[PDB]
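Asks: As input, take query_9.txt (compact mmCIF, C-alpha atoms and all ligand atoms):
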# COMPACT_ATOMS: atom_id res chain seq x y z
CA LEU A 23 8.99 -5.36 1.05
CA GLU A 24 10.96 -7.08 -1.68
CA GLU A 25 13.32 -7.19 1.24
CA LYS A 26 10.58 -9.01 3.07
CA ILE A 27 10.42 -11.43 0.17
CA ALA A 28 14.24 -12.03 0.12
CA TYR A 29 14.28 -12.53 3.91
CA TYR A 30 11.48 -15.09 4.17
CA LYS A 31 12.94 -16.90 1.24
CA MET A 32 15.70 -17.81 3.66
CA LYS A 33 13.97 -17.73 7.06
CA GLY A 34 10.46 -18.75 6.04
CA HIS A 35 10.81 -22.45 6.73
CA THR A 36 12.02 -21.97 10.32
CA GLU A 37 10.23 -18.72 11.28
CA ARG A 38 6.81 -19.22 9.57
CA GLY A 39 6.82 -22.67 8.08
CA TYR A 40 3.27 -24.00 8.59
CA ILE A 41 -0.28 -22.78 8.40
CA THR A 42 -3.29 -24.58 9.77
CA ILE A 43 -6.52 -24.16 7.72
CA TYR A 44 -9.82 -24.72 9.55
CA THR A 45 -12.72 -25.72 7.34
CA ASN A 46 -16.25 -26.75 8.09
CA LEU A 47 -15.13 -30.34 7.23
CA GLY A 48 -12.11 -30.32 9.62
CA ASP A 49 -8.58 -28.87 9.70
CA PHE A 50 -5.40 -29.53 7.86
CA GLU A 51 -1.90 -28.20 7.86
CA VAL A 52 0.19 -26.92 5.03
CA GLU A 53 3.99 -26.65 4.73
CA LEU A 54 5.15 -23.62 2.74
CA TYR A 55 7.96 -23.85 0.25
CA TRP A 56 9.43 -20.40 1.04
CA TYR A 57 12.83 -21.00 -0.60
CA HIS A 58 11.50 -22.09 -4.05
CA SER A 59 8.43 -19.89 -4.14
CA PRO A 60 9.10 -16.91 -1.82
CA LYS A 61 6.87 -14.29 -3.49
CA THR A 62 3.98 -16.77 -3.72
CA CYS A 63 4.39 -17.88 -0.11
CA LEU A 64 4.59 -14.32 1.22
CA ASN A 65 1.28 -13.51 -0.51
CA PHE A 66 -0.43 -16.67 0.79
CA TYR A 67 0.93 -16.34 4.34
CA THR A 68 0.06 -12.62 4.52
CA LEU A 69 -3.49 -13.18 3.12
CA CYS A 70 -4.02 -16.00 5.65
CA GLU A 71 -2.85 -13.92 8.55
CA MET A 72 -4.89 -10.80 7.77
CA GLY A 73 -8.09 -13.03 7.52
CA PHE A 74 -8.49 -12.67 3.76
CA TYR A 75 -9.42 -16.38 3.32
CA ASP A 76 -11.78 -16.38 6.30
CA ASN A 77 -15.21 -17.56 5.24
CA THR A 78 -14.22 -18.14 1.60
CA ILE A 79 -15.30 -21.29 -0.27
CA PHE A 80 -13.86 -23.98 -2.44
CA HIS A 81 -15.71 -23.00 -5.46
CA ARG A 82 -14.82 -26.07 -7.46
CA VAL A 83 -14.16 -29.60 -6.54
CA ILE A 84 -13.24 -32.07 -9.27
CA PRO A 85 -12.36 -35.63 -7.99
CA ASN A 86 -8.96 -36.92 -9.31
CA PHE A 87 -8.05 -33.45 -10.29
CA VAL A 88 -8.21 -30.44 -7.90
CA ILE A 89 -10.06 -28.69 -5.08
CA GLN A 90 -9.95 -24.97 -6.03
CA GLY A 91 -10.39 -21.94 -3.69
CA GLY A 92 -9.23 -18.54 -2.63
CA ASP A 93 -11.88 -16.31 -4.20
CA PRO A 94 -13.58 -14.00 -1.66
CA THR A 95 -16.51 -13.50 -4.20
CA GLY A 96 -16.99 -17.31 -4.41
CA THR A 97 -17.48 -17.03 -8.21
CA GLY A 98 -14.13 -18.10 -9.54
CA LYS A 99 -13.53 -14.63 -11.05
CA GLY A 100 -12.21 -12.60 -8.12
CA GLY A 101 -9.16 -12.52 -5.85
CA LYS A 102 -6.34 -10.08 -5.18
CA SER A 103 -2.68 -10.23 -4.10
CA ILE A 104 -0.69 -8.31 -1.47
CA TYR A 105 1.17 -6.88 -4.41
CA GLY A 106 -1.78 -5.12 -6.10
CA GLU A 107 -3.59 -7.00 -8.86
CA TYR A 108 -1.49 -9.89 -10.32
CA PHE A 109 2.10 -11.16 -9.84
CA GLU A 110 4.63 -13.35 -11.61
CA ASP A 111 4.81 -17.16 -11.71
CA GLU A 112 7.60 -18.84 -9.71
CA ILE A 113 8.11 -22.05 -11.72
CA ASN A 114 10.77 -24.36 -10.26
CA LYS A 115 12.22 -27.46 -11.99
CA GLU A 116 12.43 -28.97 -8.48
CA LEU A 117 8.66 -28.79 -7.88
CA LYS A 118 6.24 -30.81 -9.88
CA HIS A 119 2.62 -31.81 -9.55
CA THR A 120 3.50 -35.32 -8.53
CA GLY A 121 0.76 -36.39 -6.12
CA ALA A 122 -2.31 -35.40 -4.16
CA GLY A 123 -2.04 -32.64 -1.52
CA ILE A 124 0.08 -30.15 -3.45
CA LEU A 125 -0.90 -26.45 -3.35
CA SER A 126 -0.45 -24.63 -6.55
CA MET A 127 -1.62 -21.23 -7.79
CA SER A 128 -4.70 -21.01 -9.94
CA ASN A 129 -4.47 -18.29 -12.58
CA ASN A 130 -5.50 -16.99 -16.10
CA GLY A 131 -2.41 -17.74 -18.15
CA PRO A 132 1.18 -16.70 -17.39
CA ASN A 133 1.85 -14.21 -14.58
CA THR A 134 -1.74 -13.67 -13.48
CA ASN A 135 -1.51 -14.94 -9.90
CA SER A 136 -3.72 -13.34 -7.26
CA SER A 137 -5.15 -15.37 -4.39
CA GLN A 138 -6.76 -18.42 -5.99
CA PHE A 139 -5.02 -21.76 -5.55
CA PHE A 140 -5.65 -25.48 -5.94
CA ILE A 141 -4.99 -28.45 -3.73
CA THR A 142 -4.22 -31.36 -6.07
CA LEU A 143 -5.96 -34.72 -5.72
CA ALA A 144 -3.73 -36.86 -8.01
CA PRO A 145 -0.45 -36.43 -10.08
CA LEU A 146 -1.09 -33.78 -12.75
CA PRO A 147 2.05 -33.51 -14.96
CA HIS A 148 0.05 -31.44 -17.45
CA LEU A 149 0.09 -28.48 -14.90
CA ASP A 150 3.90 -28.55 -14.37
CA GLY A 151 5.28 -25.30 -15.69
CA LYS A 152 1.96 -23.43 -15.83
CA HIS A 153 1.13 -23.18 -12.11
CA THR A 154 3.28 -22.10 -9.13
CA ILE A 155 3.61 -24.95 -6.65
CA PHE A 156 4.16 -23.32 -3.26
CA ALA A 157 3.07 -25.73 -0.43
CA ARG A 158 1.68 -29.16 0.34
CA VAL A 159 -0.75 -30.56 2.88
CA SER A 160 1.47 -31.73 5.76
CA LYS A 161 -1.19 -32.95 8.18
CA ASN A 162 -4.56 -34.58 7.72
CA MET A 163 -5.07 -35.40 4.09
CA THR A 164 -8.35 -37.06 5.25
CA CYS A 165 -9.86 -33.58 5.36
CA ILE A 166 -8.90 -33.02 1.71
CA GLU A 167 -10.49 -36.36 0.89
CA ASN A 168 -13.67 -35.49 2.69
CA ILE A 169 -13.91 -32.28 0.73
CA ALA A 170 -13.39 -34.21 -2.53
CA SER A 171 -16.29 -36.61 -1.67
CA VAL A 172 -18.96 -33.90 -1.53
CA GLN A 173 -21.46 -33.79 -4.39
CA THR A 174 -21.13 -31.10 -7.05
CA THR A 175 -23.15 -29.47 -9.85
CA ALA A 176 -22.42 -30.00 -13.54
CA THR A 177 -20.05 -26.97 -13.44
CA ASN A 178 -18.29 -28.60 -10.40
CA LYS A 179 -19.44 -26.50 -7.55
CA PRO A 180 -20.17 -28.30 -4.26
CA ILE A 181 -23.94 -28.48 -3.68
CA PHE A 182 -23.39 -26.96 -0.19
CA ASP A 183 -20.66 -24.60 0.79
CA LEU A 184 -17.21 -25.91 1.71
CA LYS A 185 -15.28 -23.21 3.44
CA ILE A 186 -12.18 -21.99 5.15
CA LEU A 187 -13.47 -20.73 8.50
CA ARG A 188 -10.03 -19.32 9.42
CA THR A 189 -6.27 -19.84 9.42
CA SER A 190 -3.80 -20.43 12.21
CA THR A 191 -0.13 -19.82 12.77
CL CL B 201 11.49 -23.52 2.40
CL CL B 202 -10.50 -37.32 -5.66
CL CL B 203 -1.68 -39.26 -5.79
CL CL B 204 -9.09 -22.00 -13.09
CL CL B 205 -14.75 -24.26 -16.88
Translate this file's structure into C-alpha cells.
Ligand SMILES: [Cl-]
Ligand SMILES: [Cl-]
Ligand SMILES: [Cl-]
Ligand SMILES: [Cl-]
Ligand SMILES: [Cl-]
Replies:
Amino acid sequence: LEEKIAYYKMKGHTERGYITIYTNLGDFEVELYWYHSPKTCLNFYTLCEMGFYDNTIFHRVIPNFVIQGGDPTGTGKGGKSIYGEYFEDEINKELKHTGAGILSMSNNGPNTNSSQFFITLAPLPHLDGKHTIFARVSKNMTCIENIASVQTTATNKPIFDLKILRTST
C-alpha cells in the first residue's frame, strides 16, 4: 500500500485522473495532481470511492477565501485518513495557491492531514507551504460560486446545509 502510493503517483493521471462531486447545488469535476501529491490524492480518491464524503457538508464558507469540507461530523473537528489518524504534508514548490478552484488540505499545523480540505475562492499566497495542494476544479466553477453565495452565520457556517451527495468516477 505504499506500493499503491508509488504506483498511482505515476499512473494516477491516466488511470484515475478525475472525480465528479455531486452537491445539492450542482456538480463539479476535480483533476487530481497524483504526481506531486500522491499520498494526499490516494487518500482523497479512496475516501471518495468508499462513500466517506457522501452526505457530508461544507461546514464553512468564507467568500474570497475558502469553502471548507470533508468532516463527516459536520463540526470542523472530525475526519480520518485511509492511513489511520493523520499523515504528512506534501508541499511542492510547483503548486501554489494562485487562484480560485484549488483543492488543498485543511489541517491543524504541520503533518495533521486527515480528510478535511478547502476549495479556494481567490489567490491565497499566505497558505503556500502550510497546506497540501492536491487538485483543482476542472469543470463547472459556477457550482463553487453558487456555494460561495449562500448566507452564513457569524462563525461562517452556511445557514442551510451545503453537501456532497456523492462522488463519481
Ligand atoms: Cl498527475
Ligand atoms: Cl467568493
Ligand atoms: Cl482568483
Ligand atoms: Cl481550519
Ligand atoms: Cl475560527
Asks: Restricting the calculation to only C-alpha atoms and all ligand atoms: of A:164, A:86, A:175, A:126, which residue gets closest to ligand CL 202 (chain B)?
Replies: A:86
Asks: Could the residues of chain A that have an atom at most 8 Å from ligand CL 201 (chain B) be listed as a Markdown table, each with its closest atom pair and the distance in Å to one decimal, counting all atoms listed in the file and ordered by chain and ascending residue number?
Replies:
| residue | atom | partner | partner_atom | distance |
| --- | --- | --- | --- | --- |
| A:31 | CA | B:CL201 | CL | 6.9 |
| A:32 | CA | B:CL201 | CL | 7.2 |
| A:33 | CA | B:CL201 | CL | 7.8 |
| A:34 | CA | B:CL201 | CL | 6.1 |
| A:35 | CA | B:CL201 | CL | 4.5 |
| A:39 | CA | B:CL201 | CL | 7.4 |
| A:54 | CA | B:CL201 | CL | 6.3 |
| A:55 | CA | B:CL201 | CL | 4.1 |
| A:56 | CA | B:CL201 | CL | 4.0 |
| A:57 | CA | B:CL201 | CL | 4.1 |
| A:58 | CA | B:CL201 | CL | 6.6 |
Asks: Residues within 7 Å of ligand CL 204 (chain B), counting all atoms listed in the file: report them as a list in words.
Replies: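 Using all atoms listed in the file, everything at most 7 Å from ligand CL 204 (chain B) comes to residues 128, 129 and 130 of chain A.
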Asks: Which protein, DNA or RNA residues have an atom within 12 Å of ligand CL 205 (chain B), counting all atoms listed in the file, as a list in words?
Replies: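 With all atoms listed in the file and a cut-off of 12 Å, ligand CL 205 (chain B) is contacted by residues 81, 82, 83, 84, 90, 97, 98, 99, 130, 176, 177, 178 and 179 of chain A.
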Asks: Report the closest atom pair, with its distance in Å rounded to one decimal, for each residue of chain A that has an atom no farther than 8 Å from ligand CL 203 (chain B); count only C-alpha atoms and all ligand atoms, sort by chain and then rising residue number, and write it as JSON lines.
Replies:
{"residue": "A:120", "atom": "CA", "partner": "B:CL203", "partner_atom": "CL", "distance": 7.1}
{"residue": "A:121", "atom": "CA", "partner": "B:CL203", "partner_atom": "CL", "distance": 3.8}
{"residue": "A:122", "atom": "CA", "partner": "B:CL203", "partner_atom": "CL", "distance": 4.2}
{"residue": "A:123", "atom": "CA", "partner": "B:CL203", "partner_atom": "CL", "distance": 7.9}
{"residue": "A:143", "atom": "CA", "partner": "B:CL203", "partner_atom": "CL", "distance": 6.2}
{"residue": "A:144", "atom": "CA", "partner": "B:CL203", "partner_atom": "CL", "distance": 3.9}
{"residue": "A:145", "atom": "CA", "partner": "B:CL203", "partner_atom": "CL", "distance": 5.3}
Asks: Could you please determine the separation between atom CA of residue 150 of chain A and atom CA of residue 63 of chain A in Å, to one decimal place?
Replies: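 Separating atom CA of residue 150 of chain A from atom CA of residue 63 of chain A is a distance of 17.8 Å.
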Asks: Could you check which of A:69, A:85, A:158, A:38 is closest to residue 172 of chain A, using all atoms listed in the file?
Replies: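 Going through A:69, A:85, A:158, A:38 one by one, the smallest distance to residue 172 of chain A is for A:85.
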Asks: Report the distance between atom CA of residue 190 of chain A and atom CA of residue 64 of chain A in Å, rounded to one decimal place.
Replies: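 Distance between the two atoms: 15.1 Å.
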Asks: Using all atoms listed in the file, find each residue of segment 117-168 of chain A with at least one atom at most 10 Å away from an atom of segment 65-68 of chain A; report its shortest atom-to-atom pair and that distance in Å (one decimal), sort the rows by chain and rising residue number, and return the result as a tab-separated table.
Replies:
residue	atom	partner	partner_atom	distance
A:127	CA	A:66	CA	9.8
A:135	CA	A:65	CA	9.9
A:136	CA	A:65	CA	8.4
A:137	CA	A:66	CA	7.1
A:138	CA	A:66	CA	9.4
A:139	CA	A:66	CA	9.3
A:156	CA	A:66	CA	9.0
A:157	CA	A:66	CA	9.8
Asks: Mind pulling up the distance from atom CA of residue 79 of chain A to atom CA of residue 183 of chain A?
Replies: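 Interatomic distance here is 6.4 Å.
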Asks: List the neighbours of residue 134 of chain A out to 7 Å using only C-alpha atoms; skip same-chain residues closer than 5 positions along the sequence, and give me the result as a PyMOL selection string.
Replies: chain A and resi 108-110+129
Asks: Taking only C-alpha atoms and all ligand atoms into account, name the residue in A:155, A:181, A:147, A:168 that is nearest to ligand CL 202 (chain B).
Replies: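 Counting only C-alpha atoms and all ligand atoms, the residue closest to ligand CL 202 (chain B) is A:168.
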Asks: Point out the residue among A:151, A:163, A:191, A:95 with the least atom-to-atom distance to ligand CL 202 (chain B), counting only C-alpha atoms and all ligand atoms.
Replies: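 Answer, going by the shortest atom-to-atom distance: A:163.
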Asks: Complete segment 81-96 of chain A at the level of N, CA and C atoms, written as a PDB file, in the coordinates of the input.
Replies:
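Resulting contents of part24.pdb:
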ATOM      1  N   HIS A  81     -14.660 -23.157  -4.495  1.00  0.00           N
ATOM      2  CA  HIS A  81     -15.710 -23.000  -5.460  1.00  0.00           C
ATOM      3  C   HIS A  81     -15.722 -24.083  -6.547  1.00  0.00           C
ATOM      4  N   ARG A  82     -14.676 -24.870  -6.673  1.00  0.00           N
ATOM      5  CA  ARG A  82     -14.820 -26.070  -7.460  1.00  0.00           C
ATOM      6  C   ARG A  82     -14.197 -27.225  -6.791  1.00  0.00           C
ATOM      7  N   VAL A  83     -14.789 -28.385  -6.992  1.00  0.00           N
ATOM      8  CA  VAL A  83     -14.160 -29.600  -6.540  1.00  0.00           C
ATOM      9  C   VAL A  83     -14.323 -30.612  -7.667  1.00  0.00           C
ATOM     10  N   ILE A  84     -13.199 -31.101  -8.197  1.00  0.00           N
ATOM     11  CA  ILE A  84     -13.240 -32.070  -9.270  1.00  0.00           C
ATOM     12  C   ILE A  84     -12.441 -33.283  -8.897  1.00  0.00           C
ATOM     13  N   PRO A  85     -13.098 -34.403  -8.486  1.00  0.00           N
ATOM     14  CA  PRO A  85     -12.360 -35.630  -7.990  1.00  0.00           C
ATOM     15  C   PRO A  85     -11.255 -36.017  -8.954  1.00  0.00           C
ATOM     16  N   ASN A  86     -10.156 -36.603  -8.457  1.00  0.00           N
ATOM     17  CA  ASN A  86      -8.960 -36.920  -9.310  1.00  0.00           C
ATOM     18  C   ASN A  86      -8.294 -35.805 -10.043  1.00  0.00           C
ATOM     19  N   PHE A  87      -8.670 -34.595  -9.702  1.00  0.00           N
ATOM     20  CA  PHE A  87      -8.050 -33.450 -10.290  1.00  0.00           C
ATOM     21  C   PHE A  87      -7.669 -32.442  -9.162  1.00  0.00           C
ATOM     22  N   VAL A  88      -8.519 -31.462  -8.872  1.00  0.00           N
ATOM     23  CA  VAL A  88      -8.210 -30.440  -7.900  1.00  0.00           C
ATOM     24  C   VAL A  88      -9.421 -30.032  -7.040  1.00  0.00           C
ATOM     25  N   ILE A  89      -9.164 -29.548  -5.831  1.00  0.00           N
ATOM     26  CA  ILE A  89     -10.060 -28.690  -5.080  1.00  0.00           C
ATOM     27  C   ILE A  89      -9.513 -27.268  -5.365  1.00  0.00           C
ATOM     28  N   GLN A  90     -10.388 -26.317  -5.682  1.00  0.00           N
ATOM     29  CA  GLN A  90      -9.950 -24.970  -6.030  1.00  0.00           C
ATOM     30  C   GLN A  90     -10.613 -23.950  -5.091  1.00  0.00           C
ATOM     31  N   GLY A  91      -9.856 -22.927  -4.646  1.00  0.00           N
ATOM     32  CA  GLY A  91     -10.390 -21.940  -3.690  1.00  0.00           C
ATOM     33  C   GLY A  91      -9.706 -20.596  -3.773  1.00  0.00           C
ATOM     34  N   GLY A  92      -9.923 -19.789  -2.737  1.00  0.00           N
ATOM     35  CA  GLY A  92      -9.230 -18.540  -2.630  1.00  0.00           C
ATOM     36  C   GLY A  92      -9.854 -17.330  -3.287  1.00  0.00           C
ATOM     37  N   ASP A  93     -11.134 -17.439  -3.637  1.00  0.00           N
ATOM     38  CA  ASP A  93     -11.880 -16.310  -4.200  1.00  0.00           C
ATOM     39  C   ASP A  93     -12.924 -15.778  -3.225  1.00  0.00           C
ATOM     40  N   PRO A  94     -12.642 -14.602  -2.639  1.00  0.00           N
ATOM     41  CA  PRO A  94     -13.580 -14.000  -1.660  1.00  0.00           C
ATOM     42  C   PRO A  94     -15.012 -13.820  -2.241  1.00  0.00           C
ATOM     43  N   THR A  95     -15.155 -13.551  -3.555  1.00  0.00           N
ATOM     44  CA  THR A  95     -16.510 -13.500  -4.200  1.00  0.00           C
ATOM     45  C   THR A  95     -17.184 -14.886  -4.322  1.00  0.00           C
ATOM     46  N   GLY A  96     -16.409 -15.966  -4.250  1.00  0.00           N
ATOM     47  CA  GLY A  96     -16.990 -17.310  -4.410  1.00  0.00           C
ATOM     48  C   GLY A  96     -17.323 -17.656  -5.874  1.00  0.00           C
TER      49      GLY A  96
END
